[PDB]
Every structure is written in structure tokens, then in C-alpha cells.
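Visitor: Here's a structure for you.
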Amino acid sequence: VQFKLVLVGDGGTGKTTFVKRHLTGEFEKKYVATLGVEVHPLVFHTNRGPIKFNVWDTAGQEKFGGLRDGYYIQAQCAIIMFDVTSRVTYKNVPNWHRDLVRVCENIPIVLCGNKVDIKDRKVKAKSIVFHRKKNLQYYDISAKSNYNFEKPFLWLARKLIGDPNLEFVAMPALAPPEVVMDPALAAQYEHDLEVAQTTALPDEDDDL
Amino acid sequence: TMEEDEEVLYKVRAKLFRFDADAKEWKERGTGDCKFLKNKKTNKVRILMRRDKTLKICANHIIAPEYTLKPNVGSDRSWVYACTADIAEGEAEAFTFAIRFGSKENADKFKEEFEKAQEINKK
Amino acid sequence: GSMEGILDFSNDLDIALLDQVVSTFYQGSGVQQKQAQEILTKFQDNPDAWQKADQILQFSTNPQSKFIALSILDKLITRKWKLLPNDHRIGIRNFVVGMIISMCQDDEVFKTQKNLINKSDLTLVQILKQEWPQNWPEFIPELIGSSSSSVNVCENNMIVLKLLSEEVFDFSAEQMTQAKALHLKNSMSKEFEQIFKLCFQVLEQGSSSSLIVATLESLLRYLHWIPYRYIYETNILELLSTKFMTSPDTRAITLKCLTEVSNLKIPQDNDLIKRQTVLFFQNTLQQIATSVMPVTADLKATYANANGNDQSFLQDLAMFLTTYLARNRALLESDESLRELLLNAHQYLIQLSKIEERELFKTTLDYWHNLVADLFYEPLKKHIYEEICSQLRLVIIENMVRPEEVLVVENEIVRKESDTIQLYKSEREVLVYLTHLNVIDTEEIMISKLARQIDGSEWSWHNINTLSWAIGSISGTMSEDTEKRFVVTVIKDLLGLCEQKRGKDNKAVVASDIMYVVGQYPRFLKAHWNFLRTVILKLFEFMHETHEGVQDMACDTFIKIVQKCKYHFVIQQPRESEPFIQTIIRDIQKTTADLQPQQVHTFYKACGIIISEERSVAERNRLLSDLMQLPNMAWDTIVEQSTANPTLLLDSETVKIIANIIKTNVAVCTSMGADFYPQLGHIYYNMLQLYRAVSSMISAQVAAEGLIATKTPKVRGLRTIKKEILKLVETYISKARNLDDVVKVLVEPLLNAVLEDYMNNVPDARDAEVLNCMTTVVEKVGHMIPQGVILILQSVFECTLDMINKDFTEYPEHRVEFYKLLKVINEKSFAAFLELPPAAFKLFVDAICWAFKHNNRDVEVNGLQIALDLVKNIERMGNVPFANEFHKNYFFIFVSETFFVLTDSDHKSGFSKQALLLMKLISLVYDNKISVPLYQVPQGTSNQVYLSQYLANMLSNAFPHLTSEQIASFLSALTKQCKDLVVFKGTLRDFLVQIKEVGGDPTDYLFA
Ligand SMILES: Nc1nc2c(ncn2[C@@H]2O[C@H](COP(=O)(O)OP(=O)(O)NP(=O)(O)O)[C@@H](O)[C@H]2O)c(=O)[nH]1
Ligand SMILES: *[C@H](CC(=O)OC(C)C)n1cnc(-c2cc(OC)cc(C(F)(F)F)c2)n1
Ligand SMILES: [Mg+2]
């Protein structure tokens, strides 16, 4: 039960940061431009069984475009992402949506305004209207705040499975094993542990 | 869901990190409710913690008595400790975990609850 | 494995090996897929790969292989088409055309390879963009003749013409020069009568539903630009509004076509065209009523079930009704035979308006706002929609969303951001309009809805919340007398709920509702002092409650009420022993005992608001003195215990106490502004030495523990001290009225404290806040302290530049504050830059250009502004050695740097101000405002000529694929237009199009 998911948008918008946040739970602060495409499997546990997305995280920078619309073929859903702090990223949404629906003429598409955590927001809410005439779903999201980070996938899973009451559900919690530490390297797992102690945790000014 | 036969000894909101030894960085693993679950059949106590909206498991392992909660150089509201058997993502891997709370009081209460659970497992 | 073999072009390609790589990419997995992807990219980007397109399209067993092959022809056509010899061109043309006919005559390929035909059609259109019609004048007449031969060719040419229409009208702006788009726009316009004919026959004749849909999809793109005659002087409106609305296969695209029609401004004097605009609305609303749903249908339930294409059609319907009525409802408001049509359409929108789907709700709400505003000014209209509006009154009251002020939420009643905020503001605006349209019906609904919360008839958290927020939102619509009765009959009624609901969860809920309502009705509180006092007192009680949400909201409400009712706390009211401000100040410690520090500060900020109303200086300064009693006492004690034993600050609890003291001062100074000076003088001198003290502790810790020390709670606590102190001073100076005291009392003791300490600290220990503070100082006082500005520059300029001039990411907060400071200095105290040594002034110019190339818009925009104001500052000096030395040394630096960011495709967000900067620079020369020769070329040569030569040589080496004539014409048109910004911009934008292709036409720069 696996679907192909193409993720387009201008560079810097947060495409791969958003996907990484769902794969591992981490937030990546460094911008390392994607090169062509990165494919990742991503699984969610619903009340109608598991659902797997093959997320084709596409590159935004033109100089790293790779196959470009070659990545869109046989897609079954897609996210277009822009940056609510960068007006031009929303200006180009009609261009990404152009190349995406010429290859994929009938798929559920989510439009995402990332970076709503930044307070000096440039792309005002009342001005976001591209999704109306084109039957796209829209969400404000922030991969840093996790605000609405669940919703693009929940909506898409509701449209591909065909169930409007599909919901996310808690995984089964297997009973953890009983393992004693290894005394052969126990004398060395203070090396790996002191490093960790002396490396300050990121974002000590957050609420958690 | 597989926690029918378990009692909740303690619950606290927390952010959990894992240490990437290669890249020298702390990386977030999840944010949600951290629970101490005592199995009613075996009387072993585990940490189980799930992410907020996806409810995915980001930590599930025994609160082994071998473990020790150390402080982090940059926080008065977190603890660092080694973990050799955690099955959150599948096969039992080993990790160095850091967990941060909303206040120094939450951290201290956690440490109290953490080793209270350790003696229970020592039985 | 050896998938790399296909990279070697000395061979001739193994098509079977290519197709495996492709399959391993699309269908594969893991690392094999990751290696196939990299191999295919390298294959695609090879400049010679297009010569293998032919053979991949002949021999390949894989469609994806043919797709990528066409991706390689597309890039050749768009970018290097005119470089090829003519023979290769007509070759590729015939090949592409031949395949399309080949795939559209094989009936099984036509069905199964839809993507690969579409990609071919697009590729054909790229050729048309380059060759049509000047070289291919018979493309369209052939295309219309070719459409009779087959049904598959007919609908595929509908695809080619849709795509051609998009590429010419919908997307030409950014991709073509103005002259070329003008060209292809006219070329299509001249040949559209033929196209429409074929398009009308196919529709009227009727045929395959696929050919019909494709023709309609094509029509949708024509309606964006074709003249009105083709829509209204043919029978096509009756086709779209009747025939095609019935079949659900053509219904989606039909409604869209009709939405585009509806969005034209008709010559609104033609009773025959008005006739037809009404007719196609009448027909479409009839077809919906008989073939899809009646007006009474529960569209909420339909949308929730999401069968087939329901949610899409209902969205599409919503877009159609709102678009139409917003433009043409006046056509239906007069003729009584059309009254039912008007109301049925609006009753559909009432039903659409109760679907649970935020983004759709916002669509219909936008219309409702359009309608109610109209009914609120236009005479004699509102009585028509009396029925509609009472329904709407209900829809909005029952779907109010949580406002900013309410801080308690259900998960579990616990303590949504700007997307909800904006929505609430939009609902309030409609509801306010609706209340003004009938204020009795609104109250009647709200009261009875509240009367049924008492009964418990439909008591719930949702129900009491939405009702409480609606009530709060309409504040300011009723008469004061009706308000009084209404307000009184919403609070008491709300108290007989808390009184009878129990168990914390239910009471934190009603507490948030009662607080929101009272905070929203200040005019009522002002005239009923005895009630106002009761509220503030109860608010003070909520500040002692265990539920953290209530606590936090009680403070936000207190400060909210106070900002509107300041004056009723400053005077001694009747019934009272004293001004209430004095009673609040007295119990300050008990009232705020259970609040967190940052709520305590909000409380003090509120008192500051009140105090600032007292006009009598002597009375106010005493009030301020009284309010600050607690933190002043704690400050005196902590300064005497820092006096002796400077070790006392090692205590972390002492660090926190100091911090909270300074923040309390920061909080009160925020609201009191210039009225805060006496309190600032009380602590200024000790504070600045405390600042010196803490500075040394941080330096000591970094030395004793290393840079890691900056991450520790100890040092972070001490840096908070330094930051809050700077924030206090920055806060006061920004609002000060008595600037002479600032200069003579505050500034120099400040500069001595913070500057050297900033310059001599390790980078990771410097506080970007220092820069922000200095920016404020220069902005408000810089014109009176020329030597102070010099000292600030020497203190922060060079060292913070070295921080930020290695990459674009390190020290982001310094980066921004830095150029903020260089901007204000360059604007207010430019003399300080003239005093720089020549070495430092070159770093200044380097620093400005460094700002250009940032992608961060905080830095990028400031940089461009600095460069613009710098030029202006130099030119105001006139003909003087410095100005001449500036131009000779830096004129071309700026011109070439501005050109770099304009053309490098990495700084698009700044195009406007880069264009503005380059235009001024060029206008300096063409106005002879540069009196020295700009060169080091024969003698007597004008700067206008040398600039032309310099730029022609510059661009030629940076863009060697441009011809000498292209660069010659571009600069000619660019310099003629250096006083006309929009034309100037258009010429640069034409240029950016031409540097992405070979063969650009130089005449395109005569478009103006
Ligand atoms: N403040 C904030 N920053 C974010 C957020 N999401 C991503 N970013 C930041 O945006 C920057 C770009 O990261 P990235 O995910 O690679 O964007 P991208 O669109 O995938 N780049 P490309 O398309 O060129 O491969 C990162 O620095 C990241 O920290 C967010 O939600 N909030
Ligand atoms: C409800 C009591 C409650 O919710 O307790 C929480 C946990 C603190 N309740 C009863 N009466 C009020 C009330 C009375 C007022 O008289 C002026 C004013 C208010 C206020 F909200 F406007 F401050 C509330 N609340
Ligand atoms: Mg990326």
C-alpha cells in the first residue's frame, strides 16, 4: 500500500527539512541544497492499516534541477511548498504547479506555506488564494514549530485511501528487551558519553 | 497499541535527543509525553514516549539499573544517559539520549522518578 | 554496476542498457536507484545527448526513456536552437511532428501513453515559440485540416492549442522578451477565427466525451484573452450553460469556463449582452437544481462523505457563484421575475457556507463581506437579502473561531496561530456589518442562544465559546443603551453558569469566555465604575488560580482593559478613598505573588500605562516612585552586596533576581516612555557598572572554561543581564523627548561601558544587542554627537565585519544589526565615514557589496539602500576631491557588482532595488554629475562614451554567447531610459531573458 509523493517548490522553502522532520524527528538548521532528487520511504499508521509514501524530495534550485519534471512521472500525489517569509517563492507557485499538472493531470495536491514560525511574515494569509481555482488543499505549516506538520500527509492519505474518517493511530509498543551493558567497552562508553555531555543541546531558549 | 497490561507511574512533557557520534551534533528524536510504564505481569518498568500528532514511538526501552543520569553542559533542565537496547525504530540499537523538560523542577522530578523505577527493575 | 557505460559517447548507445538504468531509477530502490539517478542526470546534461534523442525514440521499449529523451530536446530547443545549422532544425521539427502523428494513429498507444504524447505536444510548442509563424506560416491551417482525418488527432491538437495558448498568454511574461511575446500574441490573435471555428464545430457537432473535454479544456485558456464577441455573438454560452452542465464528464471544465466568462466586465450599457449574462446564469442554476442537487440539499454532509468528485465540484460551484454574483448580482436585483434566481443562488452559498472546510469557508466569507458592505451603503438593497442575512447571522455565530486573547484550548482543557487570527478578523467584519443591517435580529439570536446554555439544552464547550466570541466581536455596533442592557444580560447570565458548572475544566472555560467579553466592551466599563472595580478585583483573584491558562489570560485582560480605561484608575472616583492606581500599587506584592516573572512584568507594564495618564509631574513621579518600590529595594540591596564582595554574582539565583529586576524596569519603561527618566536616573550609574562587572565574569569564564562556557546556564544568565540592560536603555532613548539629557547624562557613560567591552571580547561572546542599541542611539541623537558616532564606528565596524565576511550564515543576528547600524549612520551622520582612513573606507564599500550578495532579505535590502544613500551623499558634496576620488575608485565597482546580482539568477527577490541602484549610477554619467574622467583611452573622451565601452566589454566577457550587436543595443536602450524606471526595468528583464538563450534578437530592445 505505497504511493509516490512528489515534493516541489523553490529553493530554501524547507522541502527536505520537512521530510527529514517526518523521517527521524530532527530539525536541520543547515541549508544543503538538494541535488536532483532524494527518495525516502515514509510510513504512517492509520486506523485503516499502514500507508507508505515514497517521497521524491525534488530540488528547488534551477542549477541543481536534475531531471526536473522527469521526477513527476507516475506520481500519485504531490506537495507544492513556498516560504511565507519570501514573497517570490509564492510568486513561482503557479510555475511549479504548471509543470506538475502537465505530467500528473489528476492527483491530490497540497499547497504548503512553510516557515510560519518566523514572526516577520511577508506572504499575508488573505493574499494566499492560488489554491482556490485549482482545487488544491492549503495549510500553514512550520517544520521548526511542527505547526500543522501532520496535516499534508493526513489529507493526502484520506484522498488516496478514499476514507474521509481515516485517522492516525498509535503504533503497537513491542516489549523492550533486557540487555546488560558490555563490560568490554564499558570502560570506553565514557568516551562516547563525555563528548555528549560537553556538547550543548541545541535551542536552549525553546520552551522544551 | 500494546500497552493494555501496563500502569502509568509517571508522565511528563519532554523533548528527546540522540547524539550522532560522527557529526558531533545532538539531533532531536521527538517531542511528546514521556511515560514510565510498569508491566503488571513482570513488574518491569519501561520508558515509552510517542510523538505529538503522529503518535509514533521515539523511545521504548527498559529503565535498566545500570543507567546513570548525567547533566548537560548547557542545560539545567536535561539529563544525558547511555542506552544499549532501544527498539523504537525496530532492531534494538544503542544510543546516547538527552531528554529536556520545561523547567528545572520537571527535570529533578524526572530524575527522582527515573531511579525509583530502577530499584523496581532490580527485583 | 556498469550502468555508467551509457555515459561513454565514443561508443554508440546501448538502448537496452539505457532502459534498464531508467527502470532502475523509477521502479528501483535504495542505492541502485540513487546511482541510476546520478547516471541519468549526467547523461541528460551532456551537451551532445540530444543527438541520441532520435534513436532513443525509435528503438526504446520504455516510455520513460522517450520522456527523458524529449527532456533533452526541450533544453536544446529553449536554449541553443538558433545555434544549430538549419538542416538539423528542420530535421528535429519533422521528427517531432512525425512521432506525434505516429502515436495518434496507433489507437492503443494514444490511450496508454498519455504522458508521452503530452510531453511531445509541449516539445512541439517549444518549436513553435522559436519558428512560428515567421517560418511555419501554415501550421494552424494544416492543424485544422488535419483534425478531420482522425478523432485522436483532433483531440490531440486541442492539447497542442491549449499548451500554445498558455505559453503565449499565461506564462510569456517572465520567459520571453516583450517584443517576442507581443509578436506571438498578435500571431495567435490574427489566426484565432479559424481556431474558434474548429473549436465551435467540435462542441456543437458533439463527439467523444474525451475530445469534448479536451476542447473545453482548450476553451478555458482562450477565455483569458480572446475578444468578447466570440463569447456573446455565438451560441456557445447556451452550449456551456445547458448541454455541457448535464453530463458529469464535462461538468467540471464547463463550470470553470463559465467562471472565467463571469469574470469579465461587460459593456454595461448593452441590454442585449446583459440579457445573455443573465441567461447563462439562469441555465446553469437550473441544471444544478435538476441534475445534481436541490437548493435544500445538505452540502455539509455531501462534502464530508467525499464521494467521487464531490468536494471538487462543490468548490468549483462556490468559485462560480461568488465570482458571478460579485460582478453581476445587480442584473438580478431589479427585475422581479429574476428575484427567485437571485435568492436561490444565494441559498446555495448559504449551504456551501456550512461545509466544514476552512479554505472553502474563507472563499464564501470573502463574498459575504463583499455583499454585506454593499448592502450597508447601497440604498434600497438590504431588504432583498433580509432572508439570506438572518441565515448568515446564524452560520457565522455558530462557526466563530478562537481569537488571539483566548488562551485556553481543548486537547483536556489546556493552555492555532495567524491562520486562525486572520480568519477571526474576517468573520468579525462580516458579523459587524450584519449587526448594523439588523441589530434586533442579531441580539435575538445571541440572547436565545445564551438562554439555551442556561437550560443546558445544548450546553457544551464549543457552544459557549463560539457564542461568547461572537458576542465579544460585535462590540461597537449597538447603541450604548441597548449595549448596557445587552452587556448586563450577557455577564450575569454567564455567571449563572460558573456558579452551576463545576470541576476546574468547565470553570477555566467560562472564565476565558467572561474575560474575553468584558475585555471587548470597554465603553461599558468606563461608564460603570462599580462594575469595573469588581472586574479588576476578580481579575486579581484569577491571578491566584492553579490553572495556568486562566492566570495568563487574567493578566492579558487586565492590561487590555487598562489600555482603554487608563483614566478611570488615575482619578479619585466617587465612593472611593483614593485613586485606584494607589490601591493596585499597594497590594502589588500580594496580587502578583503566584504569577510567573514574565506575567509580573506584564502587571507592572499595566501600572505604567495608568501612571502615564497623570499629567502633574510631581504626582506622576511619586506614583512611578511607589510602583518601583519592590524592585528598587531589591536593587539597592543587590548593589550594596555587589559593592563589597564582587563574588556575590556567582550565585545563579542572584543572577535571576537581577535579571527580573531589569526586566521589570524594561516593562514599565515600555509603557511610560519619556515619563520613565526619573527611575532610570535612580539606577543608571550603578547599572552601567553592574554591566562592567558582569562583562568581566563572562570574559573570565570563557578564559577559564573555553568557548563552551557561553552555552552554560551560568554565563547565559550573565549575558541576559547585559542584554536586558541594553534593552532598557535602547527602550528609553527610542521614546525620549528631552534629548539634551540623553547626550549629556546617558550617552557617554553608555559608550564607555559597552563599546570597548564589545570590541575586545571574543566573537562568540559579543552581543548583537550592542549593535541594536547603538543604532537607536545614532538614530535619535547621532546628529549631536559626531565624535560619539566616530567612536562607535571604530568600536564595532571592522571587528564585526570580520565576523560576517567569511560566509553568509555565521552570526545571523550580528549580520542584520550590523547593516542596520551602517544604514542609520550613513543616513544621519555621513561625516563619520568621511573621517575614516582610506583603508577603512574601502572595507566600507566591500561591506556594502557583501550585503548585495546575501539571499537573506534583511541584509540584502539594507545593503542596496546603503549603496543608494551613499551615492546620494557623495553627490550632495558636489565637485570636491573626495567625491572625485570616490567615483574614480568605486563608481565601476558598484556598477559591475550591481550587474552581477542582477544577472546571476540567485538574487531575484531584490530585482527592483538593484534596478533602482543601477539606474541612478548610469544617470549620474548621462547627467555629467561626475566632473572627473572615469578612466586612467584617448583624451577628451566623454564619460558617457567610456561607460558604454566599459559595459560593452564587461558584458561581452561575462556573457560570451551574446553577439556584439545584442550588447550594443541593450546598453543603448538601457542608457536612453535611465530616467524611466518601469521601462528601465523592462529592458533589464528583456536582457535576463536573452542571456538564457542563443540567438536573441537585438531589435527587441527598441520595444519602448
Ligand atoms: N525558521 C524556519 N526555518 C526552516 C523551516 N523549515 C526549513 N527551514 C530552514 O530553511 C532552510 C532550507 O532548508 P531546506 O529544507 O533544504 O529547503 P529546500 O527547499 O529543500 N532547498 P532545495 O529545494 O534547494 O533543495 C534551512 O536552513 C531550514 O533550517 C521552518 O519551518 N522554519
Ligand atoms: C467563574 C469562576 C471560575 O471560573 O474560577 C476560575 C477557575 C478562576 N466565575 C464566576 N464569576 C466570575 C467573574 C465575575 C466577575 O465579576 C465582575 C468578573 C469576571 C471576569 F472574568 F470578568 F474577570 C469573572 N467568574
Ligand atoms: Mg532540499
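Chains: A, B, ... in order of the C-alpha cells. Residues: from 1 per chain. Ligands: from 1, in order shown.
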Around ligand 1, at most 6 Å away and counting only C-alpha atoms and all ligand atoms, which residues are there? Put them as a PyMOL selection string, please.
Guide: chain A and resi 10-17+28-34+59-61+114-115+117-118+142-144
Visitor: For chain A against chain B, which residues fall within 6 Å using only C-alpha atoms, given as a ChimeraX atom specification?
Guide: /A:25-26,170-173,176,197-198,200,207-208
Visitor: How about saving the chosen residues, N, CA, C and O atoms kept, as a short mmCIF file (atom, residue, chain, number, x, y, z; two decimals), in the first residue's frame?
Guide:
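selection_8.cif was written with the following content:
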data_model
loop_
_atom_site.label_atom_id
_atom_site.label_comp_id
_atom_site.auth_asym_id
_atom_site.auth_seq_id
_atom_site.Cartn_x
_atom_site.Cartn_y
_atom_site.Cartn_z
N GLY A 25 12.59 12.90 13.05
CA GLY A 25 12.21 13.80 14.12
C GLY A 25 13.16 14.97 14.32
O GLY A 25 12.88 15.83 15.16
N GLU A 26 14.25 15.02 13.56
CA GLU A 26 15.25 16.07 13.72
C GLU A 26 14.82 17.34 12.99
O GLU A 26 13.99 17.31 12.07
N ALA A 170 -1.90 4.99 17.17
CA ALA A 170 -0.66 4.69 17.87
C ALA A 170 -0.13 3.32 17.47
O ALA A 170 -0.88 2.33 17.46
N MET A 171 1.15 3.26 17.15
CA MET A 171 1.83 2.01 16.79
C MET A 171 1.67 1.00 17.92
O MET A 171 1.42 1.39 19.07
N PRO A 172 1.82 -0.29 17.65
CA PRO A 172 2.00 -1.25 18.75
C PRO A 172 3.37 -1.09 19.39
O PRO A 172 4.38 -0.95 18.70
N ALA A 173 3.39 -1.09 20.72
CA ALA A 173 4.61 -0.90 21.50
C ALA A 173 5.13 -2.26 21.96
O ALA A 173 4.74 -2.79 23.00
N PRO A 176 10.27 -4.06 25.34
CA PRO A 176 11.69 -3.87 25.08
C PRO A 176 12.52 -4.98 25.69
O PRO A 176 12.15 -5.56 26.72
N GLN A 197 28.06 14.82 26.84
CA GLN A 197 27.81 15.72 27.96
C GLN A 197 28.33 17.13 27.69
O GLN A 197 27.68 18.12 28.05
N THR A 198 29.50 17.24 27.06
CA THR A 198 30.14 18.53 26.85
C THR A 198 29.66 19.24 25.60
O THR A 198 30.11 20.37 25.33
N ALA A 200 26.69 21.11 23.97
CA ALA A 200 25.47 21.73 24.46
C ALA A 200 24.28 21.39 23.56
O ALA A 200 24.39 21.37 22.33
N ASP A 207 10.83 26.38 24.59
CA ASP A 207 10.02 26.05 25.76
C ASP A 207 10.28 24.63 26.24
O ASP A 207 10.11 24.35 27.43
N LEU A 208 10.65 23.73 25.34
CA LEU A 208 11.11 22.40 25.71
C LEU A 208 12.45 22.10 25.04
O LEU A 208 12.66 22.46 23.88
#
Visitor: With a distance threshold of 7 Å and counting only C-alpha atoms, extract the residues of chain A near chain C and express them as a short mmCIF file (atom, residue, chain, number, x, y, z; two decimals) with C-alpha atoms, in the first residue's frame.
Guide:
data_model
loop_
_atom_site.label_atom_id
_atom_site.label_comp_id
_atom_site.auth_asym_id
_atom_site.auth_seq_id
_atom_site.Cartn_x
_atom_site.Cartn_y
_atom_site.Cartn_z
CA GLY A 66 18.37 17.41 -12.40
CA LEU A 67 15.75 15.64 -14.50
CA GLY A 70 11.19 13.77 -15.17
CA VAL A 88 8.95 35.36 -4.66
CA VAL A 103 2.71 15.41 -16.16
CA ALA A 125 -2.76 34.95 4.68
CA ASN A 135 -8.67 22.60 -6.14
CA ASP A 140 0.15 26.97 7.04
CA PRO A 164 -12.69 10.85 4.97
CA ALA A 200 25.47 21.73 24.46
#
Visitor: Give me, as a ChimeraX atom specification, the set of residues whose atoms come within 7 Å of any atom of ligand 2, counting only C-alpha atoms and all ligand atoms.
Guide: /C:495,498-499,504,507-512,514-515,518,531,534-536,538-539,542,545,547,550
Visitor: For a quick check of understanding, using only C-alpha atoms, which of B:113, B:104, B:23, B:4 has the smallest distance to chain C?
Guide: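 Closest residue, counting only C-alpha atoms: B:104.
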Visitor: Using only C-alpha atoms, which residue out of C:46, C:435, C:652, C:86 lies closest to chain B?
Guide: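 Using only C-alpha atoms, the shortest distance to chain B belongs to C:652.
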Visitor: Any idea what the distance is between atom CA of residue C:191 and atom CA of residue C:141?
Guide: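 Rounded to one decimal, the two atoms are 8.8 Å apart.
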Visitor: What is the distance, in Å and to one decimal place, between atom CA of residue C:400 and atom CA of residue C:484?
Guide: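 These atoms are spaced 23.2 Å apart.
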Visitor: Could you check which of A:151, A:126, A:20, A:4 is closest to ligand 3, using only C-alpha atoms and all ligand atoms?
Guide: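 Using only C-alpha atoms and all ligand atoms, ligand 3 sits closest to A:20.
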Visitor: Within 10 Å of residue C:904, counting only C-alpha atoms, which residues qualify if same-chain residues fewer than 4 places away don't, as a ChimeraX atom specification?
Guide: /C:853,899-900,908,992
Visitor: Do a neighbour search on stretch 234-248 of chain C at 8 Å with only C-alpha atoms, toss out local chain neighbours closer than 4 positions, and write the hits as a list in words.
Guide: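 After dropping sequence-adjacent residues, the list is residues 200, 204, 229, 230, 252, 254, 255, 258, 280, 281, 283, 284, 287, 288 and 291 of chain C.
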Visitor: So, counting only C-alpha atoms and all ligand atoms, which residue among A:57, A:167, A:205, A:69 is closest to ligand 3?
Guide: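 Of A:57, A:167, A:205, A:69, the one nearest ligand 3 is A:57, counting only C-alpha atoms and all ligand atoms.
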Visitor: Per DSSP on the backbone, filter chain A down to the residues in alpha helix (DSSP H) and report them as an MDAnalysis selection string.
Guide: chainID A and resid 15:23 87:91 93:103 130:133 151:161 183:186 191:198
